[PDB]
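Basis for what follows: all heavy atoms, side chains included, without hydrogens, waters or symmetry-related copies. Order of listing sets the numbers, starting from 1, for every ligand and every atom in it. We number each residue from 1, following the sequence as shown.
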Amino acid sequence: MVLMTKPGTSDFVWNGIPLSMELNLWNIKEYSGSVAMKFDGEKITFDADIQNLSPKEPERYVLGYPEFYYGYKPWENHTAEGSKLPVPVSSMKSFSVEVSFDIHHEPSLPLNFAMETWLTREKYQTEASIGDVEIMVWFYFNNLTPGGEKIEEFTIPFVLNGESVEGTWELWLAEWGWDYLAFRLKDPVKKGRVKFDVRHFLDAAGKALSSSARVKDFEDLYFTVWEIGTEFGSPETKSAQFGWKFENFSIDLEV
Ligand SMILES: OC[C@H]1O[C@@H](O[C@H]2[C@H](O)[C@@H](O)[C@H](O[C@H]3[C@H](O)[C@@H](O)[C@H](O[C@H]4[C@H](O)[C@@H](O)[C@H](O)O[C@@H]4CO)O[C@@H]3CO)O[C@@H]2CO)[C@H](O)[C@@H](O)[C@@H]1O
């Protein structure tokens with residue numbers, strides 16, 4: 001049983017898979033109230049009821065990203081032992097990720113249910129910079145838009161509640177200190193079960209970045225991690241009540 005009630009990181013093992021969970025309030029300067037993240041062997045849950053919020057940097061827009069992840073998160077220079085990542089993008093034949101989720105939140109709160117990876121030039125960087133790429137996949141959003149601008153749409157299949165469907169995904173792109181790409185599902189899902197192959201998003205990102213002057217040799221980058229969580233808040237958010245539950249998690253990485 002893992003229980004955290006303040007920002008921090010703990011490793012755990014779920015269905016035989018080594019993982020890290022981070023009660024991540026990375027852009028919050030100060031807060032009052034409670035946060036609690038728990039793994040009990042069957043599910044990971046997160047709940048927050050916080051007030052007196054202010055951002056460390058309003059230019060980054062969101063306030064936090066409570067999440068769990070598989071692999072090496074560059075910003076925290078951390079990976080649980082036993083992960084198959086990082087591996088070069090070119091060595092990934094397929095990477096299926098499956099998870100059930102139930103997300104709740106007060107109506108006005110900016111929030112998403114987003115998964116992501118960081119593709120870096122070296123295997124164990126401690127930050128992303130020019131030449132690196134952040135790729136997100138958003139299954140749900142409320143009062144929150146990705147960064148950058150919407151440039152394209154892609155039709156990418158996934159299995160929703162056990163049924164294969166064709167999702168329509170908008171691709172937003174931004175050139176900041178690193179390249180940011182976010183694929184946002186046009187029909188957001190707040191609760192359900194999803195299974196998909198991360199390779200389809202890598203393939204679409206490689207194409208979208210094929211003419212970039214910043215990103216070179218996309219397939220030689222290292223696919224470092226796979227994070228699953230909920231970003232939340234905006235620079236005007238003063239209090240936040242929300243939570244989530246993740247269950248039935250599995251992955252199949254073919255390298
Ligand atoms: O930086 C170190 C820190 O990173 C954390 O990971 C962050 C990424 O750094 C961050 O790029 C990403 O957040 C995006 C978010 O998806 C967008 O919704 C938001 O969009 C804004 C945009 O910025 C505005 O220009 C526009 O007008 O409005 C939209 C919203 O409507 O842009 C942000 C930029 O932050 O999210 C990742 C997770 O939060 C790591 O988790 C942490 O450990 C690191 O310390």
Side-chain angles (χ1 to χ4, degrees), residues 4 6-11 19-29 31 35 37 44 46 48 50 53-80 85 103 105 107-120 124-151 169-186 188 201 205 209 214-215 223-237 240 242 244:
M4 293 188 285
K6 64 187 203 190
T9 294
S10 307
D11 293 330
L19 297 170
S20 304
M21 58 174 76
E22 191 193 323
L23 203 167
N24 177 4
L25 305 190
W26 72 271
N27 200 30
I28 283 177
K29 180 193 170 65
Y31 72 93
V35 283
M37 179 171 254
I44 313 178
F46 175 68
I50 47 184
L53 302 173
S54 61
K56 294 187 182 188
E57 171 55 67
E59 183 173 12
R60 303 310 307 286
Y61 202 91
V62 295
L63 297 177
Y65 181 52
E67 56 172 310
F68 73 101
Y69 58 87
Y70 178 66
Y72 173 76
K73 184 175 186 187
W75 300 104
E76 290 297 318
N77 186 197
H78 185 249
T79 178
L85 306 172
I103 292 160
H105 60 84
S108 75
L109 180 72
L111 181 134
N112 64 32
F113 164 40
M115 304 189 181
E116 77 161 351
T117 185
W118 296 87
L119 307 187
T120 59
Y124 300 119
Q125 299 187 182
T126 53
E127 57 172 23
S129 48
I130 300 300
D132 299 325
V133 189
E134 175 181 13
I135 300 180
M136 315 190 74
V137 175
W138 298 23
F139 280 93
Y140 177 73
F141 61 92
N142 179 70
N143 290 353
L144 181 66
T145 278
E149 78 180 317
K150 172 182 180 182
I151 54 179
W169 303 79
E170 316 182 310
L171 170 59
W172 293 64
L173 161 60
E175 287 183 348
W176 299 325
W178 53 87
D179 277 56
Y180 165 96
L181 282 66
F183 291 93
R184 180 173 73 162
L185 184 60
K186 295 191 68 171
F201 290 104
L209 287 170
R214 296 152 46 94
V215 175
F223 186 105
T224 63
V225 69
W226 189 248
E227 301 175 77
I228 299 179
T230 58
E231 292 191 277
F232 77 94
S234 77
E236 76 188 300
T237 301
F242 73 102
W244 45 249

Please set out all donor-acceptor pairs under 3.5 angstrom arising from side-chain atoms of residues 59-68, sequence neighbours excluded.
| residue | atom | partner | partner atom | Å |
| --- | --- | --- | --- | --- |
| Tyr65 | OH | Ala114 | O | 2.8 |
| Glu67 | OE2 | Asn24 | ND2 | 3.0 |
| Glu67 | OE2 | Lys73 | NZ | 2.8 |

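- The closest approach between a heavy atom of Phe141 and any atom of ligand 1 is not below 4.0 Å.
- Remark: minimum distance from atom 3 (C) of ligand 1 to any protein heavy atom is reached at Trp26 CE3, 3.7 Å.
- Under a 3.5 Å cut-off, the side chain of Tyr70 and the backbone N or O of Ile228 do not form any donor-acceptor pair.
- Counting the atoms of ligand 1 from 1 in the order shown, those under 4.0 Å from a heavy atom of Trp138 are 16 (O), 18 (O).
- At a 4.0 Å heavy-atom cut-off, ligand 1 does not touch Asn27 at all.
- Taking atom 6 (O) of ligand 1 as the reference point, the nearest protein heavy-atom neighbour is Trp118 CZ2, 3.8 Å.
- Taking all heavy atoms of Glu134, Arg60, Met136, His78 into account, the minimum distance to atom 9 (O) of ligand 1 is reached by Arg60.
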Query raised in the report: Could you walk me through whether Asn142 and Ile103 pass the side chain to side chain contact (heavy atoms under 4.5 Å, CB included) check?
Result: CA-CA 11 Å; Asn142 179 70; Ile103 292 160; over 6 Å; no
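- The closest side-chain heavy-atom distance from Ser10 to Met4 is below 4.5 Å.
- Using cut-offs of 30° and 60° on the angle between ring planes, the pair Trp75 and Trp118 is perpendicular.
- Interatomic distance, CG of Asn143 versus CZ of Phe141, reported as 9.5 Å (0.5 Å rounding).
- Of all protein heavy atoms, the one closest to atom 32 (O) of ligand 1 is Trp176 CH2, 3.6 Å.
- Regarding atom 29 (C) of ligand 1, its nearest protein heavy-atom neighbour is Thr145 O, 3.4 Å.
- Within a 6.0 Å radius of NZ in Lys150, more than 12 heavy atoms belonging to other residues, nucleotides or ligands are found.
- Using a non-hydrogen distance threshold of 4.0 Å, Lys73 registers as a contact of ligand 1.
- Residues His78 and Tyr69 have side chains in contact (heavy-atom distance under 4.5 Å, counting atoms from C-beta outward).
- Residue-ligand proximity: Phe232 is placed with every non-hydrogen atom at 4.0 Å or more from ligand 1.
- Ring geometry for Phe223 against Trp226 counts as parallel: the plane angle stays under 30°, on a 0 to 90° scale with 60° as the upper cut.
- Under 4.0 angstrom from ligand 1, the non-hydrogen atoms of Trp178 all belong to its side chain.
- Among protein heavy atoms, atom 22 (C) of ligand 1 sits closest to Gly147 CA, 3.8 Å.
- Scanning the protein for heavy atoms near atom 26 (C) of ligand 1, the closest one is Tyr61 CD1, 4.5 Å.
- Regarding atom 12 (C) of ligand 1, its nearest protein heavy-atom neighbour is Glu231 OE2, 3.4 Å.
- Near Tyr180, the atoms of ligand 1 lying under 4.0 angstrom from a non-hydrogen atom of the residue are 14 (C), 15 (C), 16 (O), 17 (C).
- Under a 4.0 Å criterion applied to the non-hydrogen atoms of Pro146, ligand 1 contributes the atoms 18 (O), 20 (O), 29 (C).
- Under the rule for a ring-ring contact (aromatic ring centres under 6.0 Å, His included), the partners of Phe242 that lie at least two apart in sequence or sit in another chain are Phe46, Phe232.
- Every heavy atom of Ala182 sits 4.0 Å or more from the atoms of ligand 1.
- Smallest separation of non-hydrogen atoms from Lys6 and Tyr31: CA-OH, 4.4 Å.
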